[PDB]
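Right, one structure below, let's go through it.
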Amino acid sequence: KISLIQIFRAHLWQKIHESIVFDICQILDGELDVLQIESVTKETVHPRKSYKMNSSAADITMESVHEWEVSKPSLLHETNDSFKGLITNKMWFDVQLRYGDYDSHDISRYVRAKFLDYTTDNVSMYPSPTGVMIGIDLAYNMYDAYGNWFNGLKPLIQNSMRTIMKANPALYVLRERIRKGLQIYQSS
Amino acid sequence: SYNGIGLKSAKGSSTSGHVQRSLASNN
Amino acid sequence: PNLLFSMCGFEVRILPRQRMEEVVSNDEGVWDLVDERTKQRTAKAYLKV
Amino acid sequence: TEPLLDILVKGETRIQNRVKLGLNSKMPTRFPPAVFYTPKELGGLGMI
Amino acid sequence: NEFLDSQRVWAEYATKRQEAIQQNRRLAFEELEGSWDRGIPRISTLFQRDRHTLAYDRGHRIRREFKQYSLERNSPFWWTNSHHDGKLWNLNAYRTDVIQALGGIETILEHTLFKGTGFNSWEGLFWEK
Amino acid sequence: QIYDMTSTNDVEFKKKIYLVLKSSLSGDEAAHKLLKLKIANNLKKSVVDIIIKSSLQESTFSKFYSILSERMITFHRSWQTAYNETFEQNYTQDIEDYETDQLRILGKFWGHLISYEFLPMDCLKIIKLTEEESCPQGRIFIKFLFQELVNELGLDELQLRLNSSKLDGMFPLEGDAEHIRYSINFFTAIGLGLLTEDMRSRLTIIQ
């Protein structure tokens with residue numbers, strides 16, 4: 001417990017959660033044409049929300065030009081889906097951070113379980129329940145997303161996640177603080 | 001069954017006390 | 001038929017081959033003692049800590 | 001020697017308990033044998 | 001098996017020393033390489049750099065025994081002088097086989113916090129102290 | 001189908017037998033753990049190979065691998081066939097690869113099982129001592145074989161078993177005196193020449 005306070009010091013978990021949420025919306029406004037969005041919005045986030053595992057809220061909200069046709073919710077690396085089910089105007093994004101163990105470090109089973117639970121929950125307030133939840137294990141730097149896809153997001157988001165997991169300063173500050181505590185260096 | 005083989009108790013043994021018959025020694 | 005002694009930390013049973021009353025192979029905790037002129041194993045030395 | 005084999009078991013598990021006393025848990029599942037017996041080059045204790 | 005292997009090796013060394021006297025040549029040092037770590041004395045002791053000054057060490061066993069009265073920390077090993085006997089056990093094979101028994105390196109690193117470091121592969125990591 | 005140019009199913013099984021082998025203390029312990037596995041009959045030829053190859057990594061013979069193999073044979077007869085198939089497979093095929101430090105392990109290994117009747121003397125009928133059908137490393141394997149036969153049984157008890165063996169490979173009697181001159185020359189080079197008294201009577205009649 002002494003070490004984990006030093007690794008996560010000065011609200012690092014909160015700073016990490018704001019950093020991915022910022023990096024997602026600063027990508028998605030760039031490809032705004034192929035999405036046919038009206039606007040991208042980050043919502044006002046309770047500072048307790050980023051480390052509240054009990055329930056969750058939406059982080060990034062989509063408003064659409066035309067009414068989007070989203071697939072039934074599938075994994076990040078799912079091959080194909082039937083789009084034709086749900087005609088929706090509004091999609092959300094949630095960034096969930098967990099710290100895995102040896103027993104439970106499958107992000108894929110975690111994100112699917114959180115997505116099916118939080119949508120069926122009445123307490124967790126999502127606008128227009130279509131949209132993907134993006135889960136990141138901070139213990140094993142894994143990442144996954146599970147939710148409705150309309151078109152074009154799923155190749156764009158996995159290009160974005162492969163960047164952000166390599167490119168985020170706050171994840172890199174986390175990786176530094178782990179390496180300082182472990183005292184490991186890389187030769188060659 | 002406990003046929004005179006094993007431990008009086010596995011408490012101070014620091015083992016489980018699990019006893020299995022030697023399949024090697026039959027004939 | 002048993003000649004028993006204790007060396008530096010070893011407890012040794014020396015049993016000759018003909019007094020064995022049957023000859024069985026052993027695991028390697030058993031020294032096979034060889035006569036020099038026959039080169040034949042004629043006793044078994046049994047070791048314990 | 002059967003009695004020596006008992007002392008080897010009771011001896012080695014006291015050393016593993018000394019690590020399990022160092023951390024404040026003597027739990028078995030918290031300490032898989034990967035913890036004790038991994039060599040020092042991989043971060044384990046290197047116990048033989 | 002040490003001692004039975006020791007008797008034949010020093011028998012093999014004595015003849016190979018006897019052959020080099022007949023051919024009046026220095027021992028080839030690679031002819032003997034196959035039995036480098038064989039023999040109870042350990043044949044490698046015949047080619048030590050300090051073997052001339054170690055020849056005058058006498059009673060090194062009996063002095064090593066009675067070091068229990070001189071010193072607090074005797075040693076774990078009081079039966080062998082490594083200069084007079086060489087190394088009598090190799091445990092380098094043990095380290096590799098434990099890693100196989102624990103399921104390989106990638107299974108062991110699942111237990112650890114290696115992936116949280118962000119390192120792509122294990123190999124470059126060396127250790128800090 | 002996808003063609004299987006790799007044997008990763010075998011390598012994982014080959015790892016498991018080796019880990020069983022190195023985790024045991026006594027020979028009866030490893031014999032228990034192998035029989036606990038209930039290995040299928042197609043692999044029981046391959047398990048014997050893993051035991052023998054790992055007996056060559058030891059760099060010295062051990063009585064572990066003998067009493068390991070003795071508890072295999074007395075358990076079920078398909079183990080006993082598996083060693084009998086392996087002993088032919090080692091002598092006819094594998095001698096060309098083995099160094100002389102590995103042959104003294106195997107000659108002491110198979111000489112232990114033959115001298116305690118876990119393999120019969122009839123398995124020695126396969127081995128034949130000619131100039132053509134012998135390897136120079138094959139002659140080394142026979143030499144380390146007979147010494148373990150001499151040391152365990154004695155010279156007279158070995159004489160009785162070789163007379164009940166009625167083999168022709170070590171013992172040519174029907175003719176071909178160049179092989180009789182060969183076989184007397186080879187056995188006396190080992191150091192055992194008391195058993196060659198039959199051949200010298202046969203040789204001088206030919207002269």
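Every number here is computed from the coordinates shown, using simple stated rules; none is lab data. Because the Cβ atoms are built from the backbone with ideal geometry, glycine has one as well, and the counts that use them run over all protein chains shown.
What pairs can you find where one residue is in the range E:13-41 and surrounded by 10 or more Cβ atoms within 10 Å (Cβ to Cβ), the other is of a type in the set (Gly, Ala, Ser) and assigned to a helix (DSSP H, G or I), and their Cβ atoms are less than 6 Å apart, with a gap of 6+ or different chains?
Once the first residue is surrounded by 10 or more Cβ atoms within 10 Å (Cβ to Cβ) and sits in the range E:13-41, its partners that are of a type in the set (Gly, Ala, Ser) and assigned to a helix (DSSP H, G or I) give E:27/E:20; E:36/E:44; E:39/E:6; E:40/E:6.
Looking at the range E:1-23 only, could you name the residues that are among the hydroxyl-bearing types (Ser, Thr, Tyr) and away from every other protein chain (no Cβ under 14 Å)?
E:13, E:15, listed by residue number.
Take the residues in the range F:33-66 that are of a type outside the set (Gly, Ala, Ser), part of a loop (DSSP other than H, G, I, E, B) and farther than 18 Å from residue F:85 by Cβ, then tell me which one is nearest to the other protein chains (Cβ to nearest Cβ).
F:60
Just wondering, is there one or more residues in the range E:67-79 that are closer than 25 Å to residue E:36 by Cβ and either within 14 Å of another protein chain (Cβ to nearest Cβ) or small (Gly, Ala, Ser) (or both)?
yes
Here's a check for you: in the range A:150-174, which residue that is buried (at least 18 other Cβ atoms within 10 Å of the Cβ) and facing chain E (nearest Cβ under 9 Å) is nearest to residue A:66 (Cα to Cα)?
Filtering first and then ranking leaves A:171.
So which pairs qualify, if the first residue must be in the range F:70-86 and more than 12 Å from chain B (Cβ to nearest Cβ) and among the hydroxyl-bearing types (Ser, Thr, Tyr), the second must be part of a helix (DSSP H, G or I) and surrounded by 20 or more Cβ atoms within 10 Å (Cβ to Cβ), the Cβ gap must be under 6 Å, and the two must be at least 6 apart or on different chains?
F:83/F:48; F:86/F:48
What is the residue count in the range A:127-147 for residues that are within 14 Å of chain E (Cβ to nearest Cβ), among the aromatic types (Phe, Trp, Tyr) and part of a strand (DSSP E or B)?
Qualifying residue count, the range A:127-147: 1.
Please enumerate the residues belonging to the range E:102-112 that are surrounded by 17 or more Cβ atoms within 10 Å (Cβ to Cβ) and at the interface with chain A (Cβ under 7 Å from one of its Cβ atoms).
The answer is E:111, and nothing else.
Answer yes if at least one residue in the range F:118-131 is β-branched (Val, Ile, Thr), more than 14 Å from chain C (Cβ to nearest Cβ) and either part of a helix (DSSP H, G or I) or in contact (Cβ under 8 Å) with a residue 60 or more places away in the chain (or both), and no otherwise.
No.
In chain B, what residues are among the β-branched types (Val, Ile, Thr), touching a residue at least 12 places away in the same chain (Cβ under 8 Å) and surrounded by 10 or more Cβ atoms within 10 Å (Cβ to Cβ)?
B:19
Filter the range C:1-42 down to residues that are in a strand (DSSP E or B) and of a type in the set (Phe, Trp, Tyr) and give me whichever is surrounded by the most Cβ atoms within 10 Å (Cβ to Cβ).
C:31
Just wondering, is there one or more residues in the range A:99-115 that are in a helix (DSSP H, G or I), surrounded by fewer than 20 Cβ atoms within 10 Å (Cβ to Cβ) and within 12 Å of chain E (Cβ to nearest Cβ)?
For the range A:99-115, residues in a helix (DSSP H, G or I), surrounded by fewer than 20 Cβ atoms within 10 Å (Cβ to Cβ) and within 12 Å of chain E (Cβ to nearest Cβ): absent.
Can you name every residue in the range F:1-32 that is of a type in the set (S, T, N, Q) and either part of a loop (DSSP other than H, G, I, E, B) or under 25 Å from residue F:104 (Cβ atoms) (or both)?
Correct list: F:1, F:6, F:7, F:23, F:24, F:26.
Out of (1) closer than 25 Å to residue E:37 by Cα; (2) surrounded by 15 or more Cβ atoms within 10 Å (Cβ to Cβ); (3) among the polar types (S, T, N, Q); (4) in contact (Cβ under 8 Å) with a residue 40 or more places away in the chain, what's the single condition that is false for residue F:62?
All conditions pass for residue F:62, except number (4).
If residue D:7 passes every condition in (1) among the β-branched types (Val, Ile, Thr); (2) surrounded by 14 or more Cβ atoms within 10 Å (Cβ to Cβ); (3) within 11 Å of chain B (Cβ to nearest Cβ) but one, which one does it miss?
Residue D:7 satisfies all of (1) among the β-branched types (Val, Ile, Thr); (2) surrounded by 14 or more Cβ atoms within 10 Å (Cβ to Cβ); (3) within 11 Å of chain B (Cβ to nearest Cβ) except (2).
Of the numbered conditions (1) among the aliphatic types (A, V, I, L, M); (2) surrounded by 12 or more Cβ atoms within 10 Å (Cβ to Cβ); (3) out of contact with any strand residue (DSSP E or B) (no Cβ under 8 Å at 6 or more places or on another chain), residue C:45 fails exactly one; give the number of that condition.
Against the list (1) among the aliphatic types (A, V, I, L, M); (2) surrounded by 12 or more Cβ atoms within 10 Å (Cβ to Cβ); (3) out of contact with any strand residue (DSSP E or B) (no Cβ under 8 Å at 6 or more places or on another chain), residue C:45 comes up short only on (3).
Quick one: which of E:90, E:74 is assigned to a loop (DSSP other than H, G, I, E, B), surrounded by 11 or more Cβ atoms within 10 Å (Cβ to Cβ) and among the polar types (S, T, N, Q)?
E:74
Considering only the range E:50-106, how many residues are within 30 Å of residue F:18 (Cα to Cα) and touching a residue at least 12 places away in the same chain (Cβ under 8 Å)?
Adding up the residues that qualify gives 5.
Yes or no: the range E:24-45 includes at least one residue that is within 14 Å of chain A (Cβ to nearest Cβ), in a loop (DSSP other than H, G, I, E, B) and over 23 Å from residue D:37 (Cβ atoms).
no
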